[PDB]
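Student: Let me give you the structure first, and then I'll get to my questions.
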Amino acid sequence: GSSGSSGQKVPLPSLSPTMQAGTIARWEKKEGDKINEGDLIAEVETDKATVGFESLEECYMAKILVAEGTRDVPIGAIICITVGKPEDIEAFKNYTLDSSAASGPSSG
């Protein structure tokens, strides 16, 4: 078809039972920062408390769609992206979900 960008979207995983939405406490890691399985990727604030999202494996921060502090973060809402190499990060440095918006959440 078309082999261009090869990244991985990270859908805000429900770190709770009745978790409907969370808040990106902090991005323990940054863009271009190497991540290792277990290494804290970021913290999420839930009615329960501030949870810690661990990595699923080795990789690097592709893009951080949702920054830290973003409140009202729904479950599944890509929080960040991951790649297999840093040489791709750069390419992902300038990534946008469907280039189309005015001011705020639009989602065409």
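Identifiers in this document derive from the order of the structure tokens: chains are assigned A, B, ..., residues are numbered from 1 separately in each chain, and ligands are numbered from 1 in order of occurrence.
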I want to know what sits within 9 Å of segment 46-57 of chain A, based on only C-alpha atoms, with residues of the same chain fewer than 3 positions away left out; could you give that as a PyMOL selection string?

Tutor: chain A and resi 13+15-16+19+21-23+25+35-43

Student: Taking the backbone alone, and naming residues the way the document does, which bits of chain A are helix (DSSP H, G or I) by DSSP, as a VMD selection string?

Tutor: chain A and resid 86 to 93

Student: Filtering to N, CA, C and O atoms, could you give me those residues as a compact mmCIF listing (two decimals), in the first residue's frame?

Tutor:
# COMPACT_ATOMS: atom_id res chain seq x y z
N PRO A 86 14.90 6.27 16.87
CA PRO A 86 14.85 7.71 17.07
C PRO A 86 14.85 8.45 15.73
O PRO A 86 14.34 9.57 15.64
N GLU A 87 15.43 7.80 14.73
CA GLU A 87 15.51 8.39 13.41
C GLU A 87 14.10 8.65 12.86
O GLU A 87 13.93 9.40 11.90
N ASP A 88 13.13 8.02 13.50
CA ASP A 88 11.74 8.17 13.09
C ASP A 88 11.09 9.27 13.93
O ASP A 88 10.22 10.00 13.44
N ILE A 89 11.52 9.36 15.18
CA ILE A 89 10.99 10.35 16.09
C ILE A 89 10.89 11.70 15.37
O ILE A 89 9.82 12.30 15.31
N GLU A 90 12.03 12.13 14.84
CA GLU A 90 12.09 13.40 14.13
C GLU A 90 10.88 13.54 13.20
O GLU A 90 10.18 14.55 13.22
N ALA A 91 10.68 12.50 12.39
CA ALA A 91 9.57 12.50 11.45
C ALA A 91 8.25 12.64 12.22
O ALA A 91 7.32 13.28 11.73
N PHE A 92 8.22 12.04 13.40
CA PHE A 92 7.04 12.10 14.24
C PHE A 92 7.01 13.39 15.06
O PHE A 92 6.01 13.70 15.70
N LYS A 93 8.12 14.11 15.02
CA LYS A 93 8.24 15.35 15.75
C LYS A 93 7.16 16.33 15.27
O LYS A 93 6.68 17.16 16.04

Student: Would you please work out which residue, of A:94, A:12, A:105, A:59, is nearest to residue 76 of chain A when using only C-alpha atoms?

Tutor: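 Of A:94, A:12, A:105, A:59, the one nearest residue 76 of chain A is A:12, counting only C-alpha atoms.
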
Student: Residues near residue 99 of chain A, anyone? I mean within 10 Å using only C-alpha atoms, not counting same-chain ones fewer than 4 positions away, as a compact mmCIF listing (two decimals) with C-alpha atoms, in the first residue's frame.

Tutor:
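So the final result, stored in around-v9.txt, reads:
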# COMPACT_ATOMS: atom_id res chain seq x y z
CA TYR A 95 2.73 14.81 13.60
CA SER A 107 -12.40 16.09 15.09
CA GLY A 108 -13.88 16.15 11.61

Student: Quick check, in Å to one decimal: how far apart do atom CA of residue 97 of chain A and atom CA of residue 33 of chain A lie?

Tutor: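 Atom-to-atom, atom CA of residue 97 of chain A and atom CA of residue 33 of chain A are spaced 21.9 Å apart.
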
Student: Name the closest residue to residue 78 of chain A among the candidates A:34, A:26, A:9, A:63; distances are taken between atoms, counting only C-alpha atoms.

Tutor: A:9

Student: Could you jot down the atom CA of residue 79 of chain A to atom CA of residue 1 of chain A separation for me, Å, one decimal place?

Tutor: 26.9 Å

Student: Just give me the gap between atom CA of residue 62 of chain A and atom CA of residue 80 of chain A in Å, one decimal is fine.

Tutor: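 So the two atoms, atom CA of residue 62 of chain A and atom CA of residue 80 of chain A, lie 7.2 Å apart.
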
Student: As JSON, numbers by chain, please: all residues of segment 11-90 of chain A that backbone DSSP puts in strand (DSSP E).

Tutor: {"A": [11, 21, 22, 23, 24, 25, 26, 34, 35, 40, 41, 42, 43, 44, 45, 50, 51, 52, 53, 54, 59, 60, 61, 62, 63, 73, 74, 78, 79, 80, 81, 82, 83]}

Student: Go ahead and write the residues just picked, N, CA, C and O atoms, as a compact mmCIF listing (two decimals), in the first residue's frame.

Tutor:
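Generated file (result34.txt):
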# COMPACT_ATOMS: atom_id res chain seq x y z
N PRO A 11 -3.09 4.43 23.28
CA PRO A 11 -4.42 4.81 23.73
C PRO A 11 -4.50 4.82 25.25
O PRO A 11 -4.24 3.81 25.90
N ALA A 21 -12.13 8.75 32.30
CA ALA A 21 -11.20 9.77 31.84
C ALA A 21 -10.14 10.03 32.91
O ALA A 21 -10.43 9.92 34.10
N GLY A 22 -8.95 10.36 32.45
CA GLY A 22 -7.85 10.63 33.36
C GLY A 22 -7.16 11.95 33.00
O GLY A 22 -7.61 12.67 32.12
N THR A 23 -6.07 12.23 33.72
CA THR A 23 -5.32 13.44 33.49
C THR A 23 -3.82 13.15 33.48
O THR A 23 -3.30 12.53 34.40
N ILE A 24 -3.17 13.61 32.42
CA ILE A 24 -1.74 13.40 32.27
C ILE A 24 -1.00 14.18 33.36
O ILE A 24 -0.68 15.35 33.18
N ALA A 25 -0.74 13.50 34.47
CA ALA A 25 -0.05 14.11 35.58
C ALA A 25 1.27 14.71 35.09
O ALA A 25 1.47 15.92 35.15
N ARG A 26 2.14 13.82 34.62
CA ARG A 26 3.44 14.25 34.12
C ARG A 26 4.00 13.20 33.16
O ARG A 26 3.66 12.02 33.25
N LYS A 34 14.80 7.65 25.60
CA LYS A 34 14.74 6.20 25.49
C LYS A 34 13.87 5.65 26.62
O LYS A 34 14.01 6.06 27.77
N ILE A 35 13.00 4.72 26.26
CA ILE A 35 12.11 4.10 27.23
C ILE A 35 12.37 2.60 27.27
O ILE A 35 12.61 1.97 26.24
N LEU A 40 8.71 4.25 33.83
CA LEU A 40 7.52 5.09 33.88
C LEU A 40 7.48 6.00 32.65
O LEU A 40 8.45 6.70 32.36
N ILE A 41 6.36 5.94 31.95
CA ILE A 41 6.18 6.75 30.76
C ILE A 41 5.50 8.06 31.13
O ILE A 41 5.81 9.11 30.58
N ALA A 42 4.57 7.96 32.07
CA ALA A 42 3.83 9.13 32.52
C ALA A 42 2.88 8.72 33.65
O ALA A 42 2.65 7.53 33.88
N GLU A 43 2.36 9.73 34.33
CA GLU A 43 1.44 9.49 35.44
C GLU A 43 0.03 9.96 35.07
O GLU A 43 -0.13 10.96 34.37
N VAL A 44 -0.95 9.22 35.55
CA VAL A 44 -2.34 9.55 35.28
C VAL A 44 -3.08 9.74 36.60
O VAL A 44 -2.92 8.96 37.53
N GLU A 45 -3.89 10.79 36.64
CA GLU A 45 -4.66 11.10 37.83
C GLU A 45 -6.08 10.55 37.71
O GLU A 45 -6.84 10.96 36.84
N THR A 50 -3.06 9.23 41.65
CA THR A 50 -2.13 9.36 40.54
C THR A 50 -1.43 8.02 40.27
O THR A 50 -0.58 7.59 41.06
N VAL A 51 -1.80 7.41 39.16
CA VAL A 51 -1.23 6.13 38.78
C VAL A 51 -0.01 6.38 37.88
O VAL A 51 0.19 7.48 37.38
N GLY A 52 0.78 5.33 37.71
CA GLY A 52 1.97 5.41 36.88
C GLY A 52 1.90 4.42 35.72
O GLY A 52 1.73 3.22 35.93
N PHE A 53 2.04 4.97 34.52
CA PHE A 53 2.00 4.14 33.32
C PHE A 53 3.40 3.66 32.94
O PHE A 53 4.27 4.46 32.59
N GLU A 54 3.57 2.35 33.01
CA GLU A 54 4.85 1.74 32.67
C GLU A 54 4.88 1.34 31.20
O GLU A 54 3.84 1.09 30.60
N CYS A 59 11.82 1.23 23.59
CA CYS A 59 11.47 2.10 22.48
C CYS A 59 11.75 3.55 22.89
O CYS A 59 12.30 3.79 23.96
N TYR A 60 11.37 4.46 22.01
CA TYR A 60 11.58 5.88 22.27
C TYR A 60 10.28 6.67 22.07
O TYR A 60 9.43 6.28 21.27
N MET A 61 10.17 7.77 22.80
CA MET A 61 9.00 8.61 22.71
C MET A 61 8.86 9.21 21.31
O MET A 61 9.65 10.07 20.92
N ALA A 62 7.86 8.74 20.59
CA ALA A 62 7.61 9.22 19.24
C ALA A 62 7.03 10.63 19.30
O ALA A 62 7.66 11.59 18.88
N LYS A 63 5.81 10.70 19.83
CA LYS A 63 5.13 11.98 19.95
C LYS A 63 4.23 11.96 21.19
O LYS A 63 3.68 10.91 21.55
N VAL A 73 -9.14 13.79 29.96
CA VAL A 73 -8.61 12.85 28.98
C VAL A 73 -9.41 11.55 29.04
O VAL A 73 -9.40 10.85 30.05
N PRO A 74 -10.11 11.26 27.91
CA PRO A 74 -10.92 10.06 27.82
C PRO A 74 -10.04 8.82 27.64
O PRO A 74 -8.86 8.93 27.31
N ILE A 78 -5.38 8.56 22.37
CA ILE A 78 -3.94 8.49 22.22
C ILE A 78 -3.30 9.57 23.10
O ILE A 78 -3.61 10.75 22.97
N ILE A 79 -2.41 9.12 23.98
CA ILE A 79 -1.72 10.02 24.88
C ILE A 79 -0.35 10.37 24.30
O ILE A 79 0.15 11.47 24.51
N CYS A 80 0.21 9.42 23.57
CA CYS A 80 1.51 9.61 22.95
C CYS A 80 1.71 8.51 21.91
O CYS A 80 0.86 7.63 21.75
N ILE A 81 2.84 8.59 21.22
CA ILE A 81 3.17 7.61 20.20
C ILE A 81 4.59 7.08 20.44
O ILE A 81 5.41 7.77 21.04
N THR A 82 4.82 5.87 19.96
CA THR A 82 6.12 5.24 20.12
C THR A 82 6.61 4.69 18.78
O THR A 82 5.80 4.35 17.91
N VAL A 83 7.93 4.62 18.64
CA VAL A 83 8.53 4.12 17.42
C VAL A 83 9.55 3.03 17.78
O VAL A 83 9.65 2.62 18.93

Student: Pick the closest to residue 28 of chain A from A:10, A:75, A:101, A:64: which is it, counting only C-alpha atoms?

Tutor: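 Looking only at the distances to residue 28 of chain A, the closest residue turns out to be A:64.
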